[PDB]
Amino acid sequence: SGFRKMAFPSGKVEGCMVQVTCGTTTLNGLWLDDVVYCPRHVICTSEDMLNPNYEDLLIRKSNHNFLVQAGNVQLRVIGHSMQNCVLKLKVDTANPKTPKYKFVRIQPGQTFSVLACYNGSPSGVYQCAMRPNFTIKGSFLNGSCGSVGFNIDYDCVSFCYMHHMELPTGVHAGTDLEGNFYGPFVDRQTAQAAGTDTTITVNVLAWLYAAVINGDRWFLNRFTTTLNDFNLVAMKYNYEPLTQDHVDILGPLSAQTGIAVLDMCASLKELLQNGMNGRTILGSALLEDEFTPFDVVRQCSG
Amino acid sequence: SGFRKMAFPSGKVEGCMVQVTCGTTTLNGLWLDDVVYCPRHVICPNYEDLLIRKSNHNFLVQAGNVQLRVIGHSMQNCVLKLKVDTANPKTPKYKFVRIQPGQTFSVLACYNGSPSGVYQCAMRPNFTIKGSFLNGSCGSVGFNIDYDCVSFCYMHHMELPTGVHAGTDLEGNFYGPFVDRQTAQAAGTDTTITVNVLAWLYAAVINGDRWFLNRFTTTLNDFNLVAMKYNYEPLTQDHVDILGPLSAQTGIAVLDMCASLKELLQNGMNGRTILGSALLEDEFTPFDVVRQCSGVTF
Ligand SMILES: CC(=O)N1C[C@H]2C[C@@H]1CN2C(=O)C[C@@]1(C(=O)Nc2cncc3ccccc23)CCOc2ccc(Cl)cc21
Ligand SMILES: [Cl-]
């Protein structure tokens with residue numbers, strides 16, 4: 001028993017965190033083998049940010065301009081290339097603490113752990129979901145750019161995100177480890193705004209199933225719904241349309257609890273209609289959308 | 001900006017998780033130098049009588065794929081101390097500390113000496129923790145990383161019938177009126193950690209959430225009369241002093257913030273949320289808020 005927002009053990013990622021300094025700018029880098037990955041806006045000044053030509057700025061940079069620091073040790077940059085919005089600094093030393101890793105691009109609704117860093121020193125770890133609007137509700141301060149999001153499935157670290165920018169509404173924007181931003185965001189100080197956010201429906205349903213496994217059944221009802229009828233109601237509450245793929249992904253949870261996916265959708269329709277009514281599902285007074293169907297099967301079984 | 005339930009980087013603790021097997025029981029152990037620490041219920045109740053039957057080679061310690069050979073064994077309260085032939089090379093700078101209820105810590109959940117998750121939780125006033133544990137998680141540790149020193153403050157032993165957990169400090173002393181045996185054990189009536197709620201209300205102010213603030217102030221005794229009614233911990237003058245830095249950073253006096261909390265208890269959230277929550281959060285200490293809203297690294 002027990003349901004917590006669980007992050008992956010950060011150990012394998014902490015051994016990768018370096019400090020990347022380029023002039024006055026000092027952010028974080030991910031050191032995997034003989035390459036340090038970091039946001040390309042490390043080369044920008046505060047004024048350049050409006051309309052930077054990174055290609056033009058990087059060509060005026062030499063290897064010894066980038067000061068990489070792995071703890072007290074200083075790494076010697078021997079090369080530099082740019083892949084989309086990330087800078088790839090080739091270094092003289094390969095990371096001995098390099099784990100088994102993959103660069104994965106995640107879809108909105110997928111969750112990951114964020115290892116918050118300041119000056120290449122990890123300060124905290126927490127669990128995040130990729131919001132439908134492609135932003136993350138993170139906990140980031142100045143100097144946290146280059147902090148990575150990952151998932152440790154088996155003994156392999158799947159790097160899925162690198163922090164780049166905090167939008168004016170306090171939410172964050174970043175890229176996959178291949179430098180491709182998530183969402184319609186760019187690495188610029190231009191007027192950018194996160195789109196109208198929505199609730200991750202499949203994730204809420206998965207959390208409602210996790211509650212049933214933990215003995216919470218007060219929200220269940222004698223009703224079922226058509227998939228389309230549920231989406232007409234979900235749309236009104238600012239919920240993501242639940243697709244047939246979502247239904248199939250919820251299959252295992254439906255079998256473990258014995259409550260059909262569209263049966264659990266009817267419970268959710270009623271929860272949206274009536275609210276919690278002073279009650280709490282899994283210690284929460286709100287409907288939680290940051291636990292994927294996979295996170296629930298991982299935490300309630302193994 | 002941003003406020004999350006943040007745990008300490010588990011790295012220094014992962015390098016200490018071993019698998020302790022004794023007969024049928026397979027739980028986790030904490031390997032610090034040449035000693036593995038684990039719940040004394042792995043031999044499972046006269047624990048002195050049961051331990052004297054077991055020999056060193058009955059305990060099978062496994063550090064990853066490598067097997068550690070046990071060369072000795074002693075018992076400190078509810079914690080088994082297995083002397084091993086090899087000292088842990090990954091041993092960090094550490095202390096065994098005992099925490100007070102209201103203090104928070106990170107839990108590195110393990111199954112078969114393999115860390116699977118890390119999370120934050122608070123020592124509840126009833127001395128239980130609202131953790132996330134399954135079968136095989138006994139021996140999972142709670143810690144705080146201050147500077148570069150890991151302060152081990154908890155080792156998980158069991159789960160109470162209400163889903164809450166009970167465990168000991170690393171010296172084997174249980175937190176609360178709990179014992180390590182299958183018997184009727186119930187968690188006491190829980191209370192809200194008042195200082196922790198106030199600290200979280202300050203963190204909300206820092207994050208631009210100010211709707212709950214009011215023109216009013218109150219006294220420490222008048223607030224406690226109200227807090228007692230709503231099952232809140234009495235806010236002491238020490239709590240007020242500990243909230244000092246937050247009060248200066250936001251410009252809202254501690255008893256001014258107590259007056260805002262007094263109205264949240266009498267009137268509720270009113271359909272509104274503070275830091276994305278519809279309930280008053282009590283698992284962020286005044287120091288957790290100061291560290292997350294200023295950025296202290298390890
Ligand atoms: C300080 C400096 O000269 N620097 C320029 C580069 C290098 C250095 C910092 N830079 C930025 O630009 C970063 C920056 C940004 O969003 N930083 C932050 C990230 N997360 C949390 C924060 C919490 C508070 C304050 C800032 C945070 C500033 C805001 O504007 C943008 C617009 C786009 C993009 Cl891609 C990044 C940014
Ligand atoms: Cl995905």
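Just so it is clear: chains get the letters A, B, ... in the order the sequence lines come, proteins before strands, and each one is counted from 1. Counting convention: from 1, in listed order, for ligands and their atoms alike. Atoms considered below: every heavy atom in the structure, side chains included; atoms not considered: hydrogens, waters and symmetry mates.
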Kindly give the heavy-atom pair with the smallest separation between A:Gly146 and A:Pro39, and that separation in Å.
N-CG, 3.6 Å
Please identify each residue that fulfils side-chain contact (heavy atoms from CB on, under 4.5 Å) with A:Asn84, with sequence neighbours left out.
A:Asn180
Once salt bridge (charged side-chain N to carboxylate O under 4.0 Å, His left out) is applied, do any residues pair with A:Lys90, and if so which ones, sequence neighbours excluded?
A:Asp34
Table of N or O contacts for ligand 1, cutoff 3.5 Å:
from, atom 1, to, atom 2, distance (Å)
ligand 1, 3 (O), A:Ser46, OG, 2.6
ligand 1, 10 (N), A:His41, ND1, 3.4
ligand 1, 16 (O), A:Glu166, N, 2.8
ligand 1, 20 (N), A:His163, NE2, 2.5
ligand 1, 30 (O), A:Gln189, OE1, 2.9
ligand 1, 30 (O), A:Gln189, NE2, 2.8

Find the distance between CG (A:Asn28) and OG (A:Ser121) and round it off to the nearest 0.5 Å.
8.5 Å
State whether A:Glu288 and A:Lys5 are salt-bridged, where the test is any N-O pair (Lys NZ or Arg NE/NH1/NH2 against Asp/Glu carboxylate O) under 4.0 Å.
yes
A:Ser62: what forms a side-chain contact (heavy atoms from CB on, under 4.5 Å) with it, not counting sequence neighbours?
A:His64, A:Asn65
